Each structure stands twice: as structure tokens, then as C-alpha cells.
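Undergrad: Here's a structure for you.
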Amino acid sequence: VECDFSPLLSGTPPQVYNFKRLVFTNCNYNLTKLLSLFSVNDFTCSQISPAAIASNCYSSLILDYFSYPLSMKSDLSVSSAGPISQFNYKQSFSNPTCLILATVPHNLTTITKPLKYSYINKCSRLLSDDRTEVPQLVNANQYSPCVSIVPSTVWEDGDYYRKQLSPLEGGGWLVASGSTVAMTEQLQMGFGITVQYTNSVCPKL
Amino acid sequence: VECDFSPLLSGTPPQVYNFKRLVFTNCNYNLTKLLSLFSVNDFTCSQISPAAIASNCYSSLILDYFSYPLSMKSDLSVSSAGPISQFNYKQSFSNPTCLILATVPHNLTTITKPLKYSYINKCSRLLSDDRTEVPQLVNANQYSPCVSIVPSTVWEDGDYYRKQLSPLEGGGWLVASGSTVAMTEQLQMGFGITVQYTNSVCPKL
Amino acid sequence: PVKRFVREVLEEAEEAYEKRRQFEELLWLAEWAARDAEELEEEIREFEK
Amino acid sequence: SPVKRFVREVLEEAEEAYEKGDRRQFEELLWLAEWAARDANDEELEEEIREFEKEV
Ligand SMILES: *[C@@H]1O[C@H](CO)[C@@H](O[C@@H]2O[C@H](CO)[C@@H](O)[C@H](O)[C@H]2NC(C)=O)[C@H](O)[C@H]1NC(C)=O
Ligand SMILES: *[C@@H]1O[C@H](CO)[C@@H](O[C@@H]2O[C@H](CO)[C@@H](O)[C@H](O)[C@H]2NC(C)=O)[C@H](O)[C@H]1NC(C)=O
Ligand SMILES: *[C@@H]1O[C@H](CO)[C@@H](O)[C@H](O)[C@H]1NC(C)=O
Ligand SMILES: *[C@@H]1O[C@H](CO)[C@@H](O)[C@H](O)[C@H]1NC(C)=O
């Protein structure tokens, strides 16, 4: 068959802490055609070349996509140390990866803009007997623990969210903090592609 | 021209994990002349006999020399699985080989002893994607990956050495440990001969 | 932002001790929120009595 | 012991990193220290690492 990229071009892309993930196995992909619809502002690959990402055939392909502002290009990197790589979205270093920052051109008219950009500024777990602030750092290929209390979009830059973790969950509290960035004239999106080397996800023709 | 075993007797012998290698092609050798300069304590060959190692013609000869205490004679043996073969020095299993353990004589006043005998007891790689330790074994005719962080001589028995791998290299840590044995009255050395079968390297007659 | 959250937590704690462990936990959460982000500490001290 | 002199330096580096505000590096450095303390069969050093965690 052919790997399907339709869900990317339908609906409103989620936020960085709710990144939407697609898994592709046993299909034929054309990555150059997917990036043709967009205006790629950034393309940085680790453990693989930007030209070689769309040429090789892989055992599995993983594509996370989200709404991301270009003004935070410094935070979305493997060598970065901002809140994006701690509480929002982390990529595994054991596989070849690529980060793409693109812009939804006006002619693509089925990628609806969100109200604004948002991200988890902090996500801590306040323990009980130890009165200790244990930061909750997100691991690779998983969601943040605070996504359950942070809404789909942070209402105001600096909001605080709390959840009373039950004694069984460890008592104490789970606290988060939200931040926002102003929406741009054209929607800007971020993609993260992770490739895993029987190779059945091959380029078409 | 005679094959020159000059670098053996013109400096301090290195350690087992920093073995010094000489390659000989198109020359006449007199192996018994070399061993007559030492006090051979052990001589064991694999895929060849000790009498025929110094009589046949070979396409190429390789000699790896290092410092090695005789109290660890069991670890230096093609069919061992101690830390010496796993992490320090391993010979090829396809070509005829020989291991010689010798003692520097008193009249050999051109060889300087090191402070002590040192080796690598562990060389492992730590992965932060799952927090897993994988030992780093040594391939034939190659140095250990941990030789860049373990110094020329291990200062204390049980030291630990660390090195952080970059996001491109895979992240995590590279960790090694050193072990020491006290110097004896006379420096004791180890040699490893690898012979590959035009057979230009013929013995001097 | 922080001030409204702290005020809401204090208002919740007020109707708990009068209605103790929950009050202490809520006060600890409010103190942590105030410390993480001036007048909030003064409000906490005033509510303590 | 040659293991304590290694864990102490690792803990000092982790403390400096946490003062700098890099939580990922602190989590990585704290992992190496306990890995070394567990490979060297030293429960005391393990307890000292836990106490350092509590104090930070
Ligand atoms: C993969 O996608 C790329 C981009 O859409 C395709 O490239 C175009 O192909 C058409 C038809 O051959 C050409 O007229 C265009 O000039 C090509 N564009 C570029 C930038 O090269 C490519 O053909 C697709 N491959 C497959 C197998 O369908
Ligand atoms: C190679 O070196 C050895 C010494 O290690 C030489 O051996 C001596 O040879 C003479 C002459 O045959 C004998 O009288 C000695 O008894 C030998 N000494 C030993 C220790 O065996 C040998 O001759 C050399 N070979 C060549 C061809 O030069
Ligand atoms: C959209 O496509 C139309 C039709 O080709 C073209 O005229 C127009 O310039 C395009 N707009 C942009 C912003 O590229
Ligand atoms: C070293 O050579 C001298 C030469 O006079 C000799 O007397 C001595 O015994 C030799 N030492 C040995 C063989 O250990």
C-alpha cells in the first residue's frame, strides 16, 4: 500500500505537549511530496542526513506533529535545555531522528489555526512527608504526566494547575504551569521523524 | 635485510591495553636470536607448532609486545575469558598465532620498568534511553574503546573513569575501571606473534 | 495567574479546618506556589493566624 | 576507596549543574553516581547519595 499522511492535512494540529503521533510499517512513502506542501523553515537531522532521510527504507517510521512557534526554535533541539525538552516533548537518542519546522501556506486550507501556542512551563510533583519538589521530566516517546490537568490550550501565560494525587498515587500534589505565545499570520508547525531500521517502509517506485 | 626488533629494547614497554605493534614483510628474521635475549617463561602457539614458527616463510608477520606480570599467566590465553581477553587484548582466531611470556634479564640495560602493571577490569556503555549497561568487548587486532579515558598507568587498584557521549554518539555514559599488580624484581613482558601465509618473510639461514 | 490560584487555594483551605490534614496540605501547596513565583507570603502569614 | 573519590566528584558536578538549572544533566549525573556505588557493592555510599538527593 502507501503510507497515509491525510490526518496531518485535516483538522487543527495539537500543541507540543499533546503531539499527535503516526506509526508507519509496511508501506511506501514519498517524504519529498509531504514537505512540498509546506514552506520548510528548518530541517535538522541527527544520526542521518537530510537528503538521506527520504531515500532509505526503514523497518518503522514515526512522525509526531504539533503546532509550534518559530520564535522558540532554540528550545526545540537535541542540544537544547529549555522547558520544551524537559516537560513537553523529548526524542530518543538511540535512533536516527529529524526535526522539521514548517509553515502552513495559505493555499493549504484544511489545517485550521489554534487560538494560540502553548507549552508546559513546569510540571512538579509535591511529595508529602518529604516536602520535596520533584520535577517530572518527560521521557522519550511518551507524554508528560501533567497533560491530564493542562487543558488543550493555556488560557493565560502563567496559569497554574493542581491535582490532588490520592494517597495510593502517593498523596501529595501534582502541579503544573502554562505559557502562551502569540499566534502568527500563518500557522507554523513542528514535526519530529524517528526512523527504526526486515525493512518494509520503503520509498515508492 | 634482517627484520629489526629494535623498538622492543629501546624504551619502556607499554601496558596490555596499549600494546605496541610491529609489522614485517619482505625481510629475513632469526626468531631464536630475539628469544635468546630474554628468559622465556612461557611459549604457547595456536594453529602452529613452536618449532615451525621460526622455520617457515610467511606473507606477513605481526609482533605485539607489552608489559605483563607472570602471576596472571592464565588470563593471557586465546581460550580464556578473563578481563584481559575481553577488554584489553585479543588475537585473531583465523591466522596462526603464538603467545610468549618472558622476563627481562639483568644485562639487558636498555629496558626501563614502569611503575606497576595495569589493565582494564571493566569497559561498559551506559544507555539513558532505558538506563542499561552493555559491556564493550574488544575485537581482534584492535584497541579497547575505553583506552581514551584510562591513562597509561592506573594509579590505584579499583579506579573509575567516566566519559559522557554526545546526542549524536547516542547519549549516556562510557565507564571503565582499572586494576593494578605490583611490579616484580625483574620486568616481565608478553609478546604475541601473528603469522599470515608470495611468502617473502623467510627465516635467516 | 499565581495570585488568583493562591487566593482560591486559601479560600478552599478556610472552609476545611473550620469544617486539619487537608488544611495543612492546602496551606503547604499555597506556600509552595507563592515561593515558586512578595505580597503572597504576607497574605499566607495573615491567613495563618 | 577509589569509588568514593569518583562518586564525590560526580555529586559535586551534579550539584553545580542543578545550581545552573539543568535538570536533565542533574538526573543523568545522579544516575552515574548510584550506578558506580552499586557496582562497587557499597550500601553506605548508596545511602550518602540518597541523603545528597534529599538535601538538594
Ligand atoms: C515524490 O514527491 C515529489 C514531490 O511532489 C515528486 O516530484 C515531482 O514529480 C513530478 C512528476 O514527475 C515532477 O513534474 C516534479 O517536477 C517533481 N518535483 C520535484 C521537486 O522533483 C516525485 O515524483 C514523487 N515521487 C513519486 C514516486 O511519486
Ligand atoms: C640465530 O640466532 C641464534 C642465537 O639466538 C644463533 O645461535 C647460535 O648459532 C651458533 C652457530 O650455529 C651456535 O654455535 C650457538 O650455540 C647458537 N646459540 C644458540 C643460543 O642456539 C643462530 O646461529 C642464528 N642463526 C643465524 C642463521 O644467524
Ligand atoms: C495560491 O494558488 C494560486 C493558484 O495557483 C496562486 O495564484 C496564488 O498566488 C497562491 N497563493 C500563495 C500565497 O502562494
Ligand atoms: C651479566 O653479564 C655479566 C658479564 O660480566 C656476568 O658476569 C653476569 O653473570 C650476567 N648476569 C646474569 C647472567 O644474570
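Ligands are numbered from 1 in the order shown, chains are lettered A, B, ... in the order of the C-alpha cells, and residues start at 1 in each chain.
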Counting only C-alpha atoms, which residues from chain D have an atom at most 10 Å from any atom of chain A, and could you show them as a list in words?

TA: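 Selected residues: residues 21, 22, 23, 24, 25, 27, 54, 55 and 56 of chain D.
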
Undergrad: Counting only C-alpha atoms, give me one row per residue of chain A with an atom at most 7 Å from an atom of chain B, showing the shortest contact pair and its distance in Å to one decimal, sorted by chain then residue number, as CSV.

TA:
```
residue,atom,partner,partner_atom,distance
A:46,CA,B:168,CA,6.1
A:47,CA,B:168,CA,6.0
A:78,CA,B:167,CA,6.8
A:92,CA,B:129,CA,6.6
A:93,CA,B:170,CA,5.2
A:94,CA,B:170,CA,5.4
```

Undergrad: Using only C-alpha atoms and all ligand atoms, find each residue with an atom at most 12 Å away from ligand 1 and format the answer as a ChimeraX atom specification.

TA: /A:2,28-38,54-55,202-205

Undergrad: Residues of the last selection are to be written out with N, CA, C and O atoms, as an mmCIF file, in the first residue's frame.

TA:
```cif
data_model
loop_
_atom_site.group_PDB
_atom_site.id
_atom_site.type_symbol
_atom_site.label_atom_id
_atom_site.label_comp_id
_atom_site.auth_asym_id
_atom_site.auth_seq_id
_atom_site.Cartn_x
_atom_site.Cartn_y
_atom_site.Cartn_z
ATOM 1 N N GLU A 2 0.322 2.346 0.538
ATOM 2 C CA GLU A 2 1.038 3.612 0.612
ATOM 3 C C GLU A 2 0.791 4.247 1.970
ATOM 4 O O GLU A 2 -0.348 4.272 2.446
ATOM 5 N N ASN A 28 4.716 2.225 1.372
ATOM 6 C CA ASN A 28 5.583 3.010 0.504
ATOM 7 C C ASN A 28 5.315 4.485 0.761
ATOM 8 O O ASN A 28 4.170 4.938 0.658
ATOM 9 N N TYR A 29 6.366 5.227 1.085
ATOM 10 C CA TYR A 29 6.255 6.629 1.455
ATOM 11 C C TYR A 29 6.985 7.508 0.450
ATOM 12 O O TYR A 29 7.966 7.090 -0.169
ATOM 13 N N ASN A 30 6.512 8.756 0.319
ATOM 14 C CA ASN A 30 7.206 9.773 -0.520
ATOM 15 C C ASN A 30 7.322 11.017 0.356
ATOM 16 O O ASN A 30 6.397 11.851 0.330
ATOM 17 N N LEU A 31 8.419 11.140 1.095
ATOM 18 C CA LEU A 31 8.577 12.217 2.064
ATOM 19 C C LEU A 31 8.767 13.567 1.386
ATOM 20 O O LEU A 31 8.369 14.597 1.940
ATOM 21 N N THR A 32 9.374 13.586 0.198
ATOM 22 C CA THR A 32 9.575 14.850 -0.504
ATOM 23 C C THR A 32 8.253 15.481 -0.915
ATOM 24 O O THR A 32 8.163 16.709 -1.027
ATOM 25 N N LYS A 33 7.222 14.667 -1.150
ATOM 26 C CA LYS A 33 5.916 15.207 -1.507
ATOM 27 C C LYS A 33 5.178 15.763 -0.296
ATOM 28 O O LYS A 33 4.428 16.736 -0.428
ATOM 29 N N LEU A 34 5.369 15.160 0.881
ATOM 30 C CA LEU A 34 4.765 15.700 2.096
ATOM 31 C C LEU A 34 5.328 17.075 2.429
ATOM 32 O O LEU A 34 4.580 17.987 2.804
ATOM 33 N N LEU A 35 6.642 17.243 2.302
ATOM 34 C CA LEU A 35 7.280 18.523 2.574
ATOM 35 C C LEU A 35 7.109 19.522 1.439
ATOM 36 O O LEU A 35 7.489 20.686 1.600
ATOM 37 N N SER A 36 6.561 19.099 0.299
ATOM 38 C CA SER A 36 6.322 20.031 -0.796
ATOM 39 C C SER A 36 5.176 20.981 -0.480
ATOM 40 O O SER A 36 5.206 22.144 -0.896
ATOM 41 N N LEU A 37 4.163 20.505 0.245
ATOM 42 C CA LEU A 37 3.014 21.339 0.574
ATOM 43 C C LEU A 37 3.366 22.459 1.541
ATOM 44 O O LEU A 37 2.676 23.484 1.559
ATOM 45 N N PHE A 38 4.431 22.267 2.300
ATOM 46 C CA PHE A 38 4.814 23.220 3.357
ATOM 47 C C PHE A 38 5.948 24.120 2.881
ATOM 48 O O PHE A 38 6.431 23.920 1.775
ATOM 49 N N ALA A 54 14.753 10.642 3.231
ATOM 50 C CA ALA A 54 13.694 10.240 2.318
ATOM 51 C C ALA A 54 14.136 9.185 1.313
ATOM 52 O O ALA A 54 13.327 8.773 0.476
ATOM 53 N N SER A 55 15.389 8.741 1.372
ATOM 54 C CA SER A 55 15.916 7.771 0.421
ATOM 55 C C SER A 55 15.931 6.347 0.961
ATOM 56 O O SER A 55 15.542 5.417 0.249
ATOM 57 N N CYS A 202 9.307 1.487 2.679
ATOM 58 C CA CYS A 202 10.237 1.850 1.620
ATOM 59 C C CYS A 202 9.710 3.019 0.797
ATOM 60 O O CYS A 202 8.505 3.291 0.780
ATOM 61 N N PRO A 203 10.591 3.763 0.131
ATOM 62 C CA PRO A 203 10.119 4.813 -0.776
ATOM 63 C C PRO A 203 9.382 4.224 -1.968
ATOM 64 O O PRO A 203 9.701 3.137 -2.453
ATOM 65 N N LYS A 204 8.381 4.961 -2.438
ATOM 66 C CA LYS A 204 7.571 4.490 -3.552
ATOM 67 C C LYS A 204 8.347 4.583 -4.859
ATOM 68 O O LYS A 204 9.067 5.556 -5.104
ATOM 69 N N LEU A 205 8.190 3.562 -5.699
ATOM 70 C CA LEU A 205 8.841 3.489 -7.008
ATOM 71 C C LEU A 205 10.352 3.697 -6.917
ATOM 72 O O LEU A 205 10.854 4.802 -7.124
#
```

Undergrad: With only C-alpha atoms as the basis for distance, which of A:187, A:193, A:126, A:165 is at the shortest distance from chain C?

TA: A:126

Undergrad: Quick one: pick out all strand (DSSP E or B) residues within range 32-198 of chain A from a backbone DSSP run and write them as a PyMOL selection string.

TA: chain A and resi 42-46+58+60-67+97-103+117-126+133-135+160-163+173-181+188-196

Undergrad: How would the residues just chosen look if you wrote them out with C-alpha atoms as a PDB file, in the first residue's frame?

TA:
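Writing the result to result21.pdb gives the following:
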```
ATOM      1  CA  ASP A  42      14.117  24.477   9.447  1.00  0.00           C
ATOM      2  CA  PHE A  43      15.296  20.902   8.885  1.00  0.00           C
ATOM      3  CA  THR A  44      17.882  19.397  11.255  1.00  0.00           C
ATOM      4  CA  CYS A  45      18.685  15.675  11.390  1.00  0.00           C
ATOM      5  CA  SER A  46      20.688  13.655  13.919  1.00  0.00           C
ATOM      6  CA  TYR A  58      13.199   1.579   7.321  1.00  0.00           C
ATOM      7  CA  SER A  60       9.324   1.557  11.042  1.00  0.00           C
ATOM      8  CA  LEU A  61       8.692   5.290  10.693  1.00  0.00           C
ATOM      9  CA  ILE A  62       7.372   7.538  13.480  1.00  0.00           C
ATOM     10  CA  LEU A  63       6.011  11.018  12.743  1.00  0.00           C
ATOM     11  CA  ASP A  64       4.977  13.366  15.554  1.00  0.00           C
ATOM     12  CA  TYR A  65       3.374  16.649  14.542  1.00  0.00           C
ATOM     13  CA  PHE A  66       2.240  19.639  16.573  1.00  0.00           C
ATOM     14  CA  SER A  67       1.722  23.396  16.487  1.00  0.00           C
ATOM     15  CA  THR A  97      15.838  11.491  14.164  1.00  0.00           C
ATOM     16  CA  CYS A  98      14.919  14.705  12.374  1.00  0.00           C
ATOM     17  CA  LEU A  99      13.210  17.926  13.460  1.00  0.00           C
ATOM     18  CA  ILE A 100      11.327  19.984  10.870  1.00  0.00           C
ATOM     19  CA  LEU A 101       9.858  23.463  11.340  1.00  0.00           C
ATOM     20  CA  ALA A 102       7.440  24.296   8.524  1.00  0.00           C
ATOM     21  CA  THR A 103       4.800  26.913   7.738  1.00  0.00           C
ATOM     22  CA  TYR A 117       0.585  28.388  21.031  1.00  0.00           C
ATOM     23  CA  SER A 118       1.112  26.863  24.461  1.00  0.00           C
ATOM     24  CA  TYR A 119       3.531  24.671  26.382  1.00  0.00           C
ATOM     25  CA  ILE A 120       4.032  23.299  29.886  1.00  0.00           C
ATOM     26  CA  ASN A 121       6.338  25.741  31.667  1.00  0.00           C
ATOM     27  CA  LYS A 122       6.791  23.496  34.731  1.00  0.00           C
ATOM     28  CA  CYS A 123       5.434  20.131  35.939  1.00  0.00           C
ATOM     29  CA  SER A 124       6.295  19.191  39.527  1.00  0.00           C
ATOM     30  CA  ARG A 125       5.084  16.510  41.965  1.00  0.00           C
ATOM     31  CA  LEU A 126       4.983  17.960  45.531  1.00  0.00           C
ATOM     32  CA  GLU A 133       9.601  19.433  44.754  1.00  0.00           C
ATOM     33  CA  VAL A 134      10.354  16.519  42.385  1.00  0.00           C
ATOM     34  CA  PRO A 135      10.301  17.817  38.786  1.00  0.00           C
ATOM     35  CA  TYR A 160      -1.333  27.233  37.488  1.00  0.00           C
ATOM     36  CA  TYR A 161      -2.949  23.797  37.590  1.00  0.00           C
ATOM     37  CA  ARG A 162      -3.222  21.427  40.541  1.00  0.00           C
ATOM     38  CA  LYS A 163      -4.372  17.857  41.092  1.00  0.00           C
ATOM     39  CA  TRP A 173       0.070  17.060  44.750  1.00  0.00           C
ATOM     40  CA  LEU A 174       0.727  17.324  41.012  1.00  0.00           C
ATOM     41  CA  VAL A 175       1.260  20.938  39.968  1.00  0.00           C
ATOM     42  CA  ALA A 176       1.835  22.430  36.525  1.00  0.00           C
ATOM     43  CA  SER A 177       2.285  25.812  34.874  1.00  0.00           C
ATOM     44  CA  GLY A 178       1.340  27.055  31.413  1.00  0.00           C
ATOM     45  CA  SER A 179       2.783  29.596  28.995  1.00  0.00           C
ATOM     46  CA  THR A 180       1.498  31.062  25.737  1.00  0.00           C
ATOM     47  CA  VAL A 181       2.901  32.598  22.555  1.00  0.00           C
ATOM     48  CA  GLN A 188       3.653  27.262  11.921  1.00  0.00           C
ATOM     49  CA  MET A 189       4.047  23.545  12.593  1.00  0.00           C
ATOM     50  CA  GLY A 190       6.715  21.275  14.015  1.00  0.00           C
ATOM     51  CA  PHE A 191       7.442  17.683  13.018  1.00  0.00           C
ATOM     52  CA  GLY A 192       9.659  15.031  14.557  1.00  0.00           C
ATOM     53  CA  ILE A 193      10.558  11.968  12.488  1.00  0.00           C
ATOM     54  CA  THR A 194      12.195   8.932  14.095  1.00  0.00           C
ATOM     55  CA  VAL A 195      13.341   6.026  11.924  1.00  0.00           C
ATOM     56  CA  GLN A 196      13.937   2.439  13.065  1.00  0.00           C
TER      57      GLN A 196
END
```

Undergrad: Using Å and a single decimal, report how far CA of residue 114 in chain A sits from CA of residue 14 in chain A.

TA: 8.1 Å

Undergrad: For ligand 3, collect every residue having any atom at a distance of at most 10 Å from a ligand atom (counting only C-alpha atoms and all ligand atoms); output as a list in words.

TA: residues 105, 106, 107 and 108 of chain A

Undergrad: Store the residues picked out above, limited to N, CA and C atoms, as a CSV table (one decimal), in the first residue's frame.

TA:
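See part_28.csv below for the written result:
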```
chain,number,residue,atom,x,y,z
A,105,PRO,N,1.2,27.1,4.3
A,105,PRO,CA,0.9,28.1,3.3
A,105,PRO,C,-0.6,28.3,3.2
A,106,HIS,N,-1.0,29.5,2.8
A,106,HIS,CA,-2.5,29.9,2.8
A,106,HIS,C,-3.3,29.0,1.8
A,107,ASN,N,-2.6,28.4,0.8
A,107,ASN,CA,-3.4,27.6,-0.2
A,107,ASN,C,-3.8,26.3,0.5
A,108,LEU,N,-3.0,25.8,1.4
A,108,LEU,CA,-3.5,24.6,2.2
A,108,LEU,C,-4.6,25.1,3.1
```

Undergrad: Rank B:183, B:140, B:39, B:164 by their smallest atom-to-atom distance to ligand 2, using only C-alpha atoms and all ligand atoms, and report the top residue only.

TA: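 Of all the options, B:39 lies closest to ligand 2.
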